[PDB]
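Colleague:
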């Protein structure tokens with residue numbers, strides 16, 4: 003049988019999200035429809051269920067990404083289906099994807115196979131407009147910065163230091179580096195700047211970490227946009243922009259309820275970068291699903307070393323959350339690559355390479371342990387996976403000493419994860435959690451990076467360029483020394499060197515630069531150029547995308 | 003006595019729009035809700051009612067705009083309400099406002115006082131997302147032009163001839179003139195360009211003039227983006243972008259149902275410029291309205307010399323409409339300015355300056371008669387007008403052969419529009435229109451500009467600069483010389499000089515530049531500097547805007 | 141600066157050598173200390189005014205032409221050296237030289253007196269030559 007993910011999405015029998023909401027005891031007037039199959043949930047649903055028991059919190063993370071793929075989100079939705087099959091009160095919370103990729107390398111299912119959140123096509127495009135709202139809040143601050151300079155530069159901004167760029171949610175490399183403000187005294191003040199993809203915006207990071215709209219407003223007011231000629235930070239707060247930015251985000255601050263193909267209730271809300279930001283869906287979604295369900299399944303971008311760590315160290319930290327379980331997803335095709343197998347050679351089994359690659363997963367496993375969180379492993383199964391392999395790895399997890407199940411959610415739906423699901427419940431009943439942040443907000447910036455590189459990535463140590471030192475010194479000195487640290491580095495290695503697969507030892511990490519998100523409330527060490535505006539390829543999906551007299555869309559997926 | 007606009011609109015008791023829809027004979031599955039009080043309606047309505055007769059079509063326009071204000075949209079909504087009170091089955095169709103002005107000069111009612119369409123807050127902000135859709139269709143085409151240059155430039159476009167700019171829906175003067183594609187070979191091709199405000203987008207003009215989604219796609223394929231090194235035009239179609247643009251507009255193509263404060267149904271859809279475009283809401287909303295209702299009230303931007311002329315000569319020409327009557331809104335104060343009274347002295351009675359400024363209203367009344375449409379004058383009441391002023395103005399209207407009514411819809415809602423509405427009904431009953439457009443498309447471009455300039459503006463003739471001559475000569479030989487012409491000129495005068503108020507004589511107009519909108523399907527001759535991207539003022543409304551814990555918004559209106 | 145003018149004219153006149161303007165390494169010079177000329181963008185104004193590209197000025201004594209003067213054996217060797225200067229690369233990554241642009245004869249003509257060393261003297265009248273004056277970091 004030849005099934006494609008879009009066909010599965012279309013054939014799905016979606017339920018009115020209205021009744022979905024009714025059954026979680028969301029009231030009528032706390033729902034805000036967009037069509038039959040999407041809605042926004044009011045912040046009142048948490049403000050009322052304020053003191054209700056929080057359900058259980060299950061983080062889904064994964065091993066180190068590879069060109070092979072690991073299906074973190076697929077198994078994350080599959081596990082959600084399973085729990086509801088086994089009759090529990092369960093929502094999955096996921097990230098909203100950027101619109102841009104649909105016109106570049108194609109859009110995809112939220113999840114995969116038979117473990118999707120739907121309706122897929124809306125999720126991939128405008129959805130309920132939250133990224134437009136982010137784009138506008140971000141770009142109005144920029145317009146206002148620029149208007150300030152033109153109106154006499156009362157705050158004495160040095161235009162050449164402005165760090166606030168603009169955004170748009172298309173992949174447009176011609177906007178990476180531009181000069182604006184040309185054409186004369188009527189037309190603004192010439193300066194050098196650029197655009198990043200909207201999901202990279204600090205506004206998107208604020209959205210995702212705010213508790214409520216007034217909290218969002220205050221974060222905005224703290225954003226540093228640039229410096230006076232004398233070196234003094236100037237903030238969005240100084241430009242009186244935070245009110246208008248909060249008005250623009252009035253609706254985007256509400257989570258979007260949609261659903262699984264088996265009508266299990268999903269929240270999709272927020273979608274930051276996982277390198278220069280924490281890679282999680284909003285705090286507002288997760289804590290709402292907490293009050294509303296017994297079991298909240300959620301995820302973080304990239305491998306356990308970045309997403310998981312950031313989930314724990316910044317998201318839970320701010321939310322007061324204390325996660326109960328964490329699933330680490332892994333595939334045999336991936337761990338083989340970590341064993342040194344070229345991608346064109348995954349057709350054969352290699353039990354020797356799978357023994358080699360495992361060291362990756364094992365490091366991730368240990369890493370979860372360091373947080374006080376009961377691990378559990380999940381193998382994403384696949385056609386070419388052999389039982390010799392699956393057993394090997396299965397026993398290697400046992401030999402490693404953490405819970406493990408196999409998952410066939412891709413091709414089997416929420417049945418393919420019932421085993422995994424019982425594991426997690428196994429784990430939730432018997433193994434509490436002793437969850438604590440990996441470090442304290444009182445250590446110096448270097449101590450914090452130190453602690454992350456040392457325990458998590460397992461570097462021998464950290465070096466700093468000269469301007470990394472100058473920036474750190476300057477931040478300590480400006481008051482921003484007590485913040486969490488968000489490590490921007492390659493996701494493809496524990497180390498900062500993307501060729502280093504498996505579990506590299508002996509290496510050290512190098513901080514080349516350091517940035518500040520004052521509004522998000524974190525410090526951003528960077529270890530390599532980070533790509534914040536990806537470009538379109540030689541033959542973009544856009545060129546084959548079509549929509550006909552009937553509304554039939556081709557080329558999109 | 004009368005509340006403010008913002009308080010008026012919050013105290014409004016709105017009906018669920020689904021109720022209004024089923025009231026109109028629209029089926030449930032033709033309706034897509036966005037909350038209880040907005041919906042998008044399917045183009046299937048029009049299609050299944052394609053054979054039904056059209057209702058009566060009433061255009062609302064105004065005298066030449068002045069700093070005194072004329073109150074045109076208030077008159078549209080108030081007339082609509084008065085018609086519903088007289089028992090008529092009536093809809094109003096209106097433009098969506100741009101998001102930008104909310105943050106600069108301040109947003110405002112769609113209407114004013116007791117004549118508004120609601121929900122006001124959403125209408126002014128993201129509404130149902132149409133403008134975000136226009137922004138992204140437009141900016142994706144620009145991204146694809148730039149990617150084409152980057153990927154080897156197979157079409158051999160000369161980057162310096164590219165006319166397709168970018169858009170954003172905020173007032174940002176610093177984006178008027180920019181240089182993009184900097185950073186070296188991996189970052190695009192250096193070129194000079196800029197942003198316009200999104201509602202100025204040709205994509206917005208295409209939305210407003212499309213008959214449906216596939217016609218919109220076709221229009222997209224015809225947009226000229228630049229020329230090759232040999233001077234041949236290059237289109238969106240040559241770049242294969244139209245399918246994607248169409249996909250991005252798949253919901254924006256649907257008109258939006260909302261309502262007046264008295265619950266009369268209202269469509270809001272599209273919102274182009276009135277100088278470089280035709281200044282009307284979409285053909286799609288108007289034509290659907292005409293099937294659903296027996297009377298449809300719509301309006302056009304700027305005074306009757308610009309919006310009414312383009313309503314008749316572009317929008318009616320494309321759609322096959324034949325307007326039945328036209329209401330011209332005037333005020334005592336605006337006419338006194340046209341007769342030489344400075345703004346600071348408009349309260350003082352001045353029958354002689356009113357008699358002189360009336361020549362402005364007299365010329366508009368004559369102009370509407372040249373399209374074969376009977377005209378009724380609506381006088382928006384103002385507290386300081388004297389009886390003798392009103393009485394003189396009525397006698398001058400009757401001497402000019404127009405019916406006239408005092409309108410007090412601002413203060414009294416639909417009840418204040420009853421005399422206006424009955425004069426319109428008496429006109430519809432006893433003077434059927436003999437509608438015809440002003441000019442045949444087969445005239446040369448110059449003969450079309452002269453017809454409009456001499457007959458509508460009262461100009462002696464038209465001069466052209468050398469650049470305007472060459473442009474005209476190129477477009478004629480490229481095959482675009484049979485299109486409608488859309489004059490972009492100041493709205494403050496019949497002439498191209500904004501300080502010639504009243505009915506100026508012995509003047510000539512000077513066309514300085516001619517541009518092409520090949521997708522929207524017209525030629526745009528330009529007289530003075532046209533501001534396609536307005537700037538923020540010294541103190542933007544954005545600095546005063548707040549929203550509190552309650553969701554209470556101050557500073558916005 | 142004549143070589144730079146000829147590179148830019150080549151782009152303007154149809155770019156027959158197919159230089160990628162963004163790979164061009166030949167900058168301009170002036171012999172004043174002007175930091176504002178370090179990073180610039182030229183060729184703006186539309187199709188009649190050149191090809192937009194990013195470039196800058198160095199101080200004249202940093203010029204490779206200055207290094208060539210100092211290392212030439214005579215005028216014809218200087219002309220030859222000129223013909224070998226790499227100014228940028230084509231879209232395929234092949235180098236493009238002053239020789240491919242046929243500029244070396246003109247450059248040589250402009251240096252026809254500069255190729256001659258200058259006799260002056262010390263305060264005690266001992267004879268002295270003064271001639272050429274390159275950087276000591278990016279040149280010798």
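Residue numbers (the entry's author numbering), protein chains in the order written: chain B, 3 to 559; chain A, 3 to 559; chain A', 141 to 280. A prime marks a further copy of an entry chain.
Positions of the beta carbon are idealized from the N, C-alpha and C atoms, including for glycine.
Along the chain, where does the beta strand (DSSP E) that runs through residue 198 of chain B open and close?
Modeller: 197-199 is the extent of the beta strand (DSSP E) around residue 198 of chain B.
Colleague: Spatial neighbours of residue 267 of chain B within its chain, please: CB distance less than 7 Å, with the 5 preceding and 5 following residues excluded, ordered by chain position.
Modeller: Taken in chain order, the residues that qualify are 22, 26, 93, 259, 261.
Colleague: Measure the C-alpha to C-alpha separation of residue 45 of chain B and residue 5 of chain B and round it to an integer number of angstroms.
Modeller: Approximately 39 Å, taken between the alpha carbons.
Colleague: DSSP three-state label for residue 282 of chain A, please.
Modeller: Three-state DSSP puts residue 282 of chain A in coil, outside helix and strand.
Colleague: Report, in whole angstroms, the separation of the C-beta atoms of residue 175 of chain A and residue 190 of chain B, which I expect to be a contact under 8 Å.
Modeller: Sure, about 5 Å apart at Cβ, within 8 Å.
Colleague: Under three-state DSSP, which class holds residue 182 of chain B?
Modeller: Here residue 182 of chain B sits in strand by DSSP.
Colleague: What three-state label does DSSP hand residue 40 of chain B in the structure shown?
Modeller: Of the three classes helix, strand and coil, the one that applies to residue 40 of chain B here is strand, per DSSP.
Colleague: By Cβ distance below 6 Å, which residues in the same chain neighbour residue 167 of chain A in space, the five residues on each side in sequence not counted?
Modeller: The residues are 195, 196, 198.
Colleague: Is the beta carbon of residue 181 of chain A closer than 8 Å to that of residue 192 of chain A'?
Modeller: In this structure, residue 181 of chain A lies closer than 8 Å to residue 192 of chain A' by Cβ.
Colleague: I'd like to check one pair, residue 140 of chain B with residue 203 of chain B: are the Cβ atoms closer than 8 Å?
Modeller: Their beta carbons are under 8 Å apart, which means residue 203 of chain B touches residue 140 of chain B by this criterion.
Colleague: Quick one: residues in its chain with C-beta nearer than 8 Å to the C-beta of residue 435 of chain B, no 5 flanking neighbours on either side, listed in chain order?
Modeller: Excluding sequence neighbours, residue 435 of chain B sits near 324, 325, 326, 327, 374, 375, 376.
Colleague: Along chain A, in chain order, which residues have C-beta atoms closer than 7 Å to that of residue 252 of chain A'?
Modeller: Neighbours of residue 252 of chain A' on chain A: none; closest Cβ ~37 Å, over 7 Å.
Colleague: Which term fits residue 500 of chain B, buried or exposed, when burial requires 16 or more other beta carbons within 10 angstroms of its beta carbon?
Modeller: Looking at its Cβ environment, which holds fewer than 16 other Cβ atoms inside 10 Å, residue 500 of chain B is exposed.
Colleague: For chain A', find out if any of its Cβ atoms is closer than 8 Å to the Cβ of residue 234 of chain A; answer yes or no.
Modeller: No, residue 234 of chain A does not count as interfacial toward chain A'.
Colleague: What does residue 548 of chain A pair with, by DSSP beta-bridge criteria?
Modeller: Looking at the DSSP assignment, residue 548 of chain A forms a beta bridge with A:556.
Colleague: Buried or exposed: where does residue 24 of chain B fall if 16 or more other Cβ atoms within 10 Å of its Cβ makes it buried?
Modeller: Label assigned to residue 24 of chain B: exposed.
Colleague: So, using beta-carbon positions, are residue 215 of chain A and residue 243 of chain A closer together than 8 Å?
Modeller: Result no, Cβ atoms of residue 215 of chain A and residue 243 of chain A do not sit closer than 8 Å.
Colleague: Should residue 55 of chain A be labelled buried (16 or more other beta-carbon atoms within 10 Å of its own) or exposed?
Modeller: The residue is exposed, with fewer than 16 neighbouring Cβ atoms inside 10 Å.
Colleague: Using a Cβ-Cβ cutoff of 7 Å, what residues of the stretch 29-48 of chain A are near chain B? List them in chain order.
Modeller: The residues in question are 34, 35, 36, 37.
Colleague: Is residue 270 of chain B helix, strand or coil when you go by DSSP?
Modeller: DSSP places residue 270 of chain B in strand when its eight states are reduced to three.
Colleague: For residue 524 of chain B, which of helix, strand or coil comes out of DSSP?
Modeller: In the structure shown, residue 524 of chain B sits in a strand (DSSP, three-state: E or B).
Colleague: With DSSP collapsed to three states, give me the class of residue 519 of chain B.
Modeller: Strand at residue 519 of chain B.
Colleague: Write down every uninterrupted run of the alpha helix (DSSP H) in the stretch 467-520 of chain A whose length is 4 residues or greater and which is fully enclosed by it, in chain order.
Modeller: 468-479, all fully within the stretch 467-520 of chain A.
Colleague: Could you tell me how far apart the beta carbons of residue 339 of chain A and residue 70 of chain A are, in whole angstroms, since I believe they sit closer than 8 Å?
Modeller: Rounded, the Cβ-Cβ distance is 5 Å, consistent with contact.
Colleague: Suppose you measure from the CA of residue 419 of chain A to the CA of residue 411 of chain A; what does that come to, to the nearest Å?
Modeller: Distance between the alpha carbons of residue 419 of chain A and residue 411 of chain A: 5 Å.
Colleague: Does the Cβ-Cβ distance between residue 273 of chain B and residue 417 of chain B come in under 8 Å?
Modeller: No, Cβ-Cβ distance for residue 273 of chain B and residue 417 of chain B is not below 8 Å.
Colleague: Starting from the beta carbon of residue 259 of chain A, find every residue of chain B whose beta carbon is closer than 7 Å, and list them in chain order.
Modeller: Result: empty, since nearest Cβ-Cβ is about 14 Å, beyond 7 Å.
Colleague: Start and end of the beta strand (DSSP E) containing residue 297 of chain A?
Modeller: Unbroken beta strand (DSSP E) run through residue 297 of chain A: 297-301.
Colleague: To the nearest angstrom, how far is the alpha carbon of residue 494 of chain B from that of residue 461 of chain B?
Modeller: If you take the alpha carbons of residue 494 of chain B and residue 461 of chain B, they lie about 15 Å apart.
Colleague: Residues in its own chain within less than 6 Å of residue 50 of chain B by CB, not counting five upstream and five downstream?
Modeller: Around residue 50 of chain B: no qualifying Cβ.
Colleague: Can you list, in chain order, the residues of its chain whose CB lies under 8 Å from that of residue 530 of chain A, leaving out five sequence neighbours each side?
Modeller: Taken in chain order, the residues that qualify are 491, 492, 498, 500, 514.
Colleague: By Cβ distance below 8 Å, which residues in the same chain neighbour residue 147 of chain A' in space, the five residues on each side in sequence not counted?
Modeller: Excluding sequence neighbours, residue 147 of chain A' sits near 159, 164, 166, 227, 228, 241.
Colleague: Is there a Cβ of chain A' sitting closer than 8 Å to that of residue 177 of chain A, yes or no?
Modeller: It does not: the Cβ of residue 177 of chain A has no partner Cβ on chain A' nearer than 8 Å.
Colleague: Quick one: does residue 217 of chain A' have its CB under 8 Å from some CB of chain A?
Modeller: Cβ-Cβ to chain A under 8 Å: no for residue 217 of chain A'.
Colleague: Go to residue 386 of chain A, then tell me how far its alpha helix (DSSP H) extends in each direction, as first and last residue.
Modeller: From DSSP, residue 386 of chain A is part of no alpha helix (DSSP H); its letter is neither H nor E.
Colleague: Strictly below 8 Å CB to CB, what residues from chain A border residue 187 of chain A'?
Modeller: In chain order: 160, 162, 163.
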